[PDB]
């Protein structure tokens, strides 16, 4: 069943409703056909996948005046982020931060008693499921009515050759193909991995039909594992993380990483490094009852009825690589040159499909650049020197070099941080700003107010790296990184206008030291 929506103009909320209906449809739902029947031009590019990369790539290509076509197996545009990736992740992280606050000040002011309070994980996941069609509605609307895009949703794409694709029972031709099918959840090849009670970011928001027990086991040690792990811990459950190597290796500054790990442990999280799951035990009904793993100190068994796999995402290259004969990398990523061109003529690859970094900025930009190249604008794209972030119970932002990294690299440096290095350590009222004021003023909670630092080259006076743990600096790192790439110095940072009290105190702290020709750490 195909629905020609081309001449239909549903509102954001109407789209939200129609999408929900199609998703919960037993037959699978009708195909959303939004194609221009009067355009004589041949598609400059057909996007296989309409997620972050595909949608943005199409938006830009269309803006340039070219013709595009999106084909996605989901009845909505936007991809994984709004359905099971970044959006739910941020809802969960919001809860983790709010819950850490409530537990810290339990039984104080307007804060209820959290002593034996266990928050429902399913209730929050259900909250997400109940409102995720909202964002999906905005995407279908914005893409059609505002971005003037053509698309076919709720129907998998069928790639015949580098110029032909079958969709909605029809066959389409294009000058180029832009592969943007993203990546899928990583898994384990251990007994019990298919048991009821084992989840990943994708299945968690589709198959959680019970409320997890008191203990949760998380497998992995990077972003996803830590973000979801802190949320589970925040709901009041004993959370054990089994990390194959070492956790949070993305945090290069040693002190910053230590602060983050220390605060996670203070919240009760257990992180076991060098551990490898060997078996997920099933009970008589096929449900998880425990996790067995090998560690540096021997085998261990953790009783649990809920296991979350937070492993790296894997590029969905298999099918396309076989159909087109694409050259692949060691992790299955599709190989491409600086112009996003694969080994197959007129075939580009973007987003998570081409590997790391697997972030939205990389997906959207690669999608746009591939589009520009398809339109004749030869432009290279090699992601490098970008800001990054992750959530624990705090927002953790970082860019550039860590302190030890800079000194080992041959850079004479000075650092400016908060709190200062003294015998009182973290037990002081700074750093402090929006969302950390209660920690800064509470009895025995000052050490929880945050940690931040900038690394500066003592000779060039340029900022080499910035690190922040707390809240409200993430957005700033987007803009600060650009200034740093321009050659930002401690003097220029000190000359800015701060908005006190600020999440990052970099501006004024730089000003305190910038008056000297021979910089000194603070």
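Residue numbers count along the first chain shown, from 1. Rigid core: the largest C-alpha set superposing within 1.5 Å between the two forms.
Enquirer: Between 144-152 and 216-224, which one strays more from this form in 4 other deposited structures of this protein if you match the rigid core and compare Cα atoms?
Expert: Result of the core-fitted comparison in 4 other deposited structures of this protein: 144-152 deviates more.
Enquirer: Comparing 234-242 with 419-427, which has C-alphas lying farther from the shown form in 4 other deposited structures of this protein once the core is aligned?
Expert: This comes out as 419-427, the stretch further from the shown form in 4 other deposited structures of this protein.
Enquirer: On average, are the C-alpha B-factors higher in 150-158 or in 299-307?
Expert: Mean CA B-factor is higher for 150-158.
Enquirer: Should the higher mean CA B-factor in the entry be assigned to 94-102 or to 140-148?
Expert: The deposited B-factors put 140-148 ahead on the C-alpha mean.
Enquirer: Compare the CA B factors listed in the entry for 174, 260, 190, 429 and report the winner.
Expert: Top of the list by C-alpha B-factor: 174.
Enquirer: Highest CA temperature factor in the entry: which of 57, 487, 470, 65?
Expert: It is 65.
Enquirer: Please rank the C-alpha B-factors of the chain's modelled residues and tell me whether residue 4 sits in the lowest, middle or highest third.
Expert: Its C-alpha B-factor belongs to the highest third of this chain's values.
Enquirer: Of the three thirds of its chain by CA temperature factor, lowest, middle or highest, which one includes residue 483?
Expert: Residue 483: CA B-factor falls in the lowest third of its chain.
Enquirer: Comparing against every modelled residue in the chain, figure out the third that the C-alpha B-factor of residue 392 lands in (lowest, middle or highest).
Expert: According to the entry, residue 392 has a C-alpha B-factor in the chain's lowest third.
Enquirer: By the recorded C-alpha temperature factor, relative to the other modelled residues in its chain, which third is residue 400 in?
Expert: Lowest third.
Enquirer: Consider only the C-alpha atoms of the modelled residues in this chain, order them by B-factor as the entry records it, and name the third containing residue 456: lowest, middle or highest.
Expert: According to the entry, residue 456 has a C-alpha B-factor in the chain's lowest third.
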